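Below is one structure, written out as structure tokens; comments come after it.
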Amino acid sequence: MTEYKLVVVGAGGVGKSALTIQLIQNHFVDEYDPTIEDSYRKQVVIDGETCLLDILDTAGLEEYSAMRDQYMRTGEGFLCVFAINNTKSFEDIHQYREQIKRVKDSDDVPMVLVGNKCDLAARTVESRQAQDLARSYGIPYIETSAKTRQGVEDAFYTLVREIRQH
Ligand SMILES: Nc1nc2c(ncn2[C@@H]2O[C@H](COP(=O)(O)OP(=O)(O)NP(=O)(O)O)[C@@H](O)[C@H]2O)c(=O)[nH]1
Ligand SMILES: [Ca+2]
Ligand SMILES: [Ca+2]
Ligand SMILES: [Ca+2]
Ligand SMILES: [Mg+2]
Ligand SMILES: [Mg+2]
């Protein structure tokens, strides 16, 4: 059966691990845990296709990771995650997209822009801003909450559907 290699990237603390664990185990990690497994596997049915999600949960570029570039090279699709209550994390997205462009040696990489923590009231990044950034990359924008599950399945399933177009 088909395997989709997904890589989750973005700034420290935007909720890369919380999103991936909410998808894989239907649990919200409500604390900072500095030692979470990077590799997740799940057999799922997406649009009538039985397939394997192979998910690599990376560290932010500010954190030193020796396995990051190995994870980068093998990725078929990328979730580029910022938090809607973290302007710096949104600004940082360009650097993650440039790194992806560098490693895939293409500007036509399957990607989804994810605005996480959409449950939180302290919004500093407007939907419109993120839509505009995603448009400039030729990719969809999806808002998620790792806490409430809003958009989580949609973010990962949309990325699979983007890989299928490539
Ligand atoms: N309210 C709310 N909190 C969230 C959401 N997603 C993550 N968090 C919280 O934000 C903090 C950081 O989450 P975490 O998943 O570890 O972020 P990360 O991007 O993997 N950090 P790192 O790059 O260091 O691995 C945690 O306390 C987590 O509970 C969300 O959607 N809503
Ligand atoms: Ca807990
Ligand atoms: Ca741990
Ligand atoms: Ca290159
Ligand atoms: Mg993490
Ligand atoms: Mg503003």
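Residue names in the structure tokens use chain letters A, B, ... in the order shown, residue numbers from 1 in each chain, and ligand numbers from 1 in the order shown.
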
Could you go through segment 40-150 of chain A and tell me which residues DSSP, when run on the backbone, assigns to helix (DSSP H, G or I), listing them as a ChimeraX atom specification? /A:68-74,87-104,127-137

Produce as a ChimeraX atom specification the set of residues near ligand 3, where near means within 9 Å with only C-alpha atoms and all ligand atoms considered. /A:33-37

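Here the question is which of A:6, A:84, A:55, A:45 gets nearest to ligand 1 using only C-alpha atoms and all ligand atoms, and that residue is A:84.
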
Can you check which parts of chain A lie within 8 Å of ligand 5? Per residue, the shortest pair of atoms and distance in Å to one decimal, counting only C-alpha atoms and all ligand atoms, sorted by chain and number, as JSON lines.
{"residue": "A:12", "atom": "CA", "partner": "ligand 5", "partner_atom_place_in_ligand_line": "1 (Mg)", "distance": 7.4}
{"residue": "A:13", "atom": "CA", "partner": "ligand 5", "partner_atom_place_in_ligand_line": "1 (Mg)", "distance": 7.0}
{"residue": "A:15", "atom": "CA", "partner": "ligand 5", "partner_atom_place_in_ligand_line": "1 (Mg)", "distance": 6.7}
{"residue": "A:16", "atom": "CA", "partner": "ligand 5", "partner_atom_place_in_ligand_line": "1 (Mg)", "distance": 5.5}
{"residue": "A:17", "atom": "CA", "partner": "ligand 5", "partner_atom_place_in_ligand_line": "1 (Mg)", "distance": 4.3}
{"residue": "A:18", "atom": "CA", "partner": "ligand 5", "partner_atom_place_in_ligand_line": "1 (Mg)", "distance": 7.3}
{"residue": "A:33", "atom": "CA", "partner": "ligand 5", "partner_atom_place_in_ligand_line": "1 (Mg)", "distance": 7.5}
{"residue": "A:34", "atom": "CA", "partner": "ligand 5", "partner_atom_place_in_ligand_line": "1 (Mg)", "distance": 6.9}
{"residue": "A:35", "atom": "CA", "partner": "ligand 5", "partner_atom_place_in_ligand_line": "1 (Mg)", "distance": 8.0}
{"residue": "A:36", "atom": "CA", "partner": "ligand 5", "partner_atom_place_in_ligand_line": "1 (Mg)", "distance": 6.5}
{"residue": "A:38", "atom": "CA", "partner": "ligand 5", "partner_atom_place_in_ligand_line": "1 (Mg)", "distance": 7.9}
{"residue": "A:57", "atom": "CA", "partner": "ligand 5", "partner_atom_place_in_ligand_line": "1 (Mg)", "distance": 6.7}
{"residue": "A:58", "atom": "CA", "partner": "ligand 5", "partner_atom_place_in_ligand_line": "1 (Mg)", "distance": 6.8}
{"residue": "A:59", "atom": "CA", "partner": "ligand 5", "partner_atom_place_in_ligand_line": "1 (Mg)", "distance": 6.1}

Dump of C-alpha atoms for the selected residues, as a PDB file, in the first residue's frame:
ATOM      1  CA  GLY A  12       9.910  26.297  18.568  1.00  0.00           C
ATOM      2  CA  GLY A  13       6.662  25.938  20.546  1.00  0.00           C
ATOM      3  CA  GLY A  15       2.698  22.961  18.437  1.00  0.00           C
ATOM      4  CA  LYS A  16       4.326  20.634  15.806  1.00  0.00           C
ATOM      5  CA  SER A  17       4.360  17.692  18.315  1.00  0.00           C
ATOM      6  CA  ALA A  18       0.888  18.542  19.771  1.00  0.00           C
ATOM      7  CA  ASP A  33       7.822  17.836  26.842  1.00  0.00           C
ATOM      8  CA  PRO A  34      11.422  18.179  25.538  1.00  0.00           C
ATOM      9  CA  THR A  35      11.782  14.406  24.723  1.00  0.00           C
ATOM     10  CA  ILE A  36       9.024  13.355  22.252  1.00  0.00           C
ATOM     11  CA  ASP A  38      10.202  12.302  16.099  1.00  0.00           C
ATOM     12  CA  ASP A  57       8.177  15.765  13.665  1.00  0.00           C
ATOM     13  CA  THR A  58      11.240  18.127  13.468  1.00  0.00           C
ATOM     14  CA  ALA A  59      12.807  20.709  15.870  1.00  0.00           C
TER      15      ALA A  59
END

List as a ChimeraX atom specification the protein and nucleic acid residues lying within 9 Å of ligand 6, with only C-alpha atoms and all ligand atoms counted. /A:87,124-126

Please, could you write that set of residues out with C-alpha atoms as a compact mmCIF listing (two decimals), in the first residue's frame?
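Full text of part_18.txt as output:
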# COMPACT_ATOMS: atom_id res chain seq x y z
CA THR A 87 3.87 36.81 14.99
CA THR A 124 -1.73 38.58 16.19
CA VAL A 125 -1.78 36.88 12.71
CA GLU A 126 -5.00 37.57 10.72

Calculated over only C-alpha atoms and all ligand atoms, which of the candidates A:65, A:30, A:7, A:106 has the smallest distance to ligand 4? A:106

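Distances here use only C-alpha atoms and all ligand atoms; by that measure, the residue among A:119, A:49, A:69, A:62 closest to ligand 4 is A:69.
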
Closest contacts (chain A/ligand 4, max 8 Å, only C-alpha atoms and all ligand atoms) as JSON lines:
{"residue": "A:101", "atom": "CA", "partner": "ligand 4", "partner_atom_place_in_ligand_line": "1 (Ca)", "distance": 7.4}
{"residue": "A:102", "atom": "CA", "partner": "ligand 4", "partner_atom_place_in_ligand_line": "1 (Ca)", "distance": 4.3}
{"residue": "A:103", "atom": "CA", "partner": "ligand 4", "partner_atom_place_in_ligand_line": "1 (Ca)", "distance": 4.4}
{"residue": "A:104", "atom": "CA", "partner": "ligand 4", "partner_atom_place_in_ligand_line": "1 (Ca)", "distance": 6.1}
{"residue": "A:105", "atom": "CA", "partner": "ligand 4", "partner_atom_place_in_ligand_line": "1 (Ca)", "distance": 4.6}

Emit the selected residues as an mmCIF file, in the first residue's frame, including N, CA and C atoms.
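And here is the file that came out, out13.cif:
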data_model
loop_
_atom_site.group_PDB
_atom_site.id
_atom_site.type_symbol
_atom_site.label_atom_id
_atom_site.label_comp_id
_atom_site.auth_asym_id
_atom_site.auth_seq_id
_atom_site.Cartn_x
_atom_site.Cartn_y
_atom_site.Cartn_z
ATOM 1 N N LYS A 101 12.735 24.562 -0.157
ATOM 2 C CA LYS A 101 13.071 24.873 -1.573
ATOM 3 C C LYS A 101 14.511 24.424 -1.849
ATOM 4 N N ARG A 102 15.406 24.714 -0.905
ATOM 5 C CA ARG A 102 16.849 24.363 -0.976
ATOM 6 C C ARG A 102 16.988 22.843 -1.114
ATOM 7 N N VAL A 103 16.423 22.089 -0.162
ATOM 8 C CA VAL A 103 16.606 20.608 -0.063
ATOM 9 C C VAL A 103 15.852 19.877 -1.182
ATOM 10 N N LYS A 104 14.662 20.335 -1.601
ATOM 11 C CA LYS A 104 13.906 19.668 -2.702
ATOM 12 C C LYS A 104 14.349 20.223 -4.060
ATOM 13 N N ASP A 105 15.162 21.285 -4.069
ATOM 14 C CA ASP A 105 15.697 21.928 -5.297
ATOM 15 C C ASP A 105 14.538 22.162 -6.272
#

Pick from A:146, A:163, A:79, A:67, whichever lies nearest to residue 24 of chain A using only C-alpha atoms: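 Of A:146, A:163, A:79, A:67, the one nearest residue 24 of chain A, counting only C-alpha atoms, is A:146.
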
Name each residue within 12 Å of ligand 2, counting only C-alpha atoms and all ligand atoms, as a PyMOL selection string. chain A and resi 18+21+27-33+147

Export N, CA, C and O atoms of the chosen residues as a short mmCIF file (atom, residue, chain, number, x, y, z; two decimals), in the first residue's frame?
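This is the output file selection.cif:
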data_model
loop_
_atom_site.label_atom_id
_atom_site.label_comp_id
_atom_site.auth_asym_id
_atom_site.auth_seq_id
_atom_site.Cartn_x
_atom_site.Cartn_y
_atom_site.Cartn_z
N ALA A 18 2.29 18.58 19.29
CA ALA A 18 0.89 18.54 19.77
C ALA A 18 -0.05 18.21 18.60
O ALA A 18 -0.97 17.40 18.80
N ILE A 21 0.58 14.40 17.54
CA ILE A 21 0.05 13.47 18.58
C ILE A 21 -1.49 13.53 18.59
O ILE A 21 -2.12 12.46 18.77
N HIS A 27 -4.95 12.58 21.44
CA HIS A 27 -4.64 13.17 22.77
C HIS A 27 -3.96 14.53 22.56
O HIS A 27 -3.14 14.62 21.63
N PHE A 28 -4.29 15.52 23.38
CA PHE A 28 -3.65 16.86 23.39
C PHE A 28 -2.58 16.90 24.49
O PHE A 28 -2.94 16.84 25.66
N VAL A 29 -1.30 16.99 24.10
CA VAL A 29 -0.16 17.21 25.03
C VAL A 29 -0.20 18.67 25.48
O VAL A 29 0.26 19.55 24.70
N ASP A 30 -0.73 18.91 26.68
CA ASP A 30 -1.04 20.27 27.21
C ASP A 30 0.17 20.85 27.95
O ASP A 30 0.04 21.96 28.48
N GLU A 31 1.31 20.15 27.95
CA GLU A 31 2.56 20.59 28.61
C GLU A 31 3.68 20.65 27.57
O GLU A 31 3.51 20.08 26.48
N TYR A 32 4.77 21.34 27.90
CA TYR A 32 6.07 21.25 27.19
C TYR A 32 6.74 19.94 27.62
O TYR A 32 6.92 19.71 28.83
N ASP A 33 7.03 19.08 26.64
CA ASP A 33 7.82 17.84 26.84
C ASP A 33 9.00 17.90 25.88
O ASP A 33 8.80 17.92 24.67
N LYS A 147 -5.47 21.37 20.44
CA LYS A 147 -6.26 21.26 21.69
C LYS A 147 -7.67 20.76 21.38
O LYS A 147 -8.07 19.77 22.00
#

Work out how far atom CA of residue 133 of chain A is from atom CA of residue 152 of chain A, in Å to one decimal.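 Between these atoms lies a distance of 20.0 Å.
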
Find the spatial neighbours of residue 109 of chain A, counting only C-alpha atoms, within a cut-off of 10 Å - ignore same-chain residues fewer than 4 positions away - and output them as a PyMOL selection string. chain A and resi 75-78+97+100-101+104-105+137-139+162-163+166

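Nearest-residue note for residue 151 of chain A: choosing from A:95, A:2, A:116, A:43, the minimum distance belongs to A:116, counting only C-alpha atoms.
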
Could you give me, as a PyMOL selection string, the residues within 9 Å of residue 54 of chain A, counting only C-alpha atoms and dropping anything in the same chain fewer than 6 positions from it? chain A and resi 3-7+39-42

With N, CA and C atoms retained, write the just-selected residues as a PDB file, in the first residue's frame.
ATOM      1  N   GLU A   3       2.713   4.710   0.826  1.00  0.00           N
ATOM      2  CA  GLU A   3       3.246   5.422   2.011  1.00  0.00           C
ATOM      3  C   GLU A   3       3.395   6.902   1.646  1.00  0.00           C
ATOM      4  N   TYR A   4       2.873   7.795   2.486  1.00  0.00           N
ATOM      5  CA  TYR A   4       3.053   9.262   2.338  1.00  0.00           C
ATOM      6  C   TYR A   4       4.008   9.738   3.433  1.00  0.00           C
ATOM      7  N   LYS A   5       5.170  10.244   3.018  1.00  0.00           N
ATOM      8  CA  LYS A   5       6.240  10.738   3.921  1.00  0.00           C
ATOM      9  C   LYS A   5       5.974  12.218   4.206  1.00  0.00           C
ATOM     10  N   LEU A   6       5.448  12.518   5.393  1.00  0.00           N
ATOM     11  CA  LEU A   6       5.085  13.895   5.807  1.00  0.00           C
ATOM     12  C   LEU A   6       6.120  14.384   6.815  1.00  0.00           C
ATOM     13  N   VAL A   7       6.509  15.645   6.689  1.00  0.00           N
ATOM     14  CA  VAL A   7       7.493  16.297   7.590  1.00  0.00           C
ATOM     15  C   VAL A   7       6.817  17.550   8.142  1.00  0.00           C
ATOM     16  N   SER A  39       9.381  10.227  15.081  1.00  0.00           N
ATOM     17  CA  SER A  39       8.783   9.338  14.049  1.00  0.00           C
ATOM     18  C   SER A  39       7.411   8.835  14.496  1.00  0.00           C
ATOM     19  N   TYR A  40       6.397   9.004  13.650  1.00  0.00           N
ATOM     20  CA  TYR A  40       5.035   8.459  13.862  1.00  0.00           C
ATOM     21  C   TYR A  40       4.611   7.685  12.614  1.00  0.00           C
ATOM     22  N   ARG A  41       3.845   6.615  12.810  1.00  0.00           N
ATOM     23  CA  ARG A  41       3.273   5.800  11.714  1.00  0.00           C
ATOM     24  C   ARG A  41       1.789   5.597  12.005  1.00  0.00           C
ATOM     25  N   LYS A  42       0.954   5.657  10.972  1.00  0.00           N
ATOM     26  CA  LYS A  42      -0.494   5.356  11.088  1.00  0.00           C
ATOM     27  C   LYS A  42      -1.020   4.855   9.746  1.00  0.00           C
TER      28      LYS A  42
END

Do you have the atom CA of residue 134 of chain A-atom CA of residue 110 of chain A distance handy? 12.0 Å
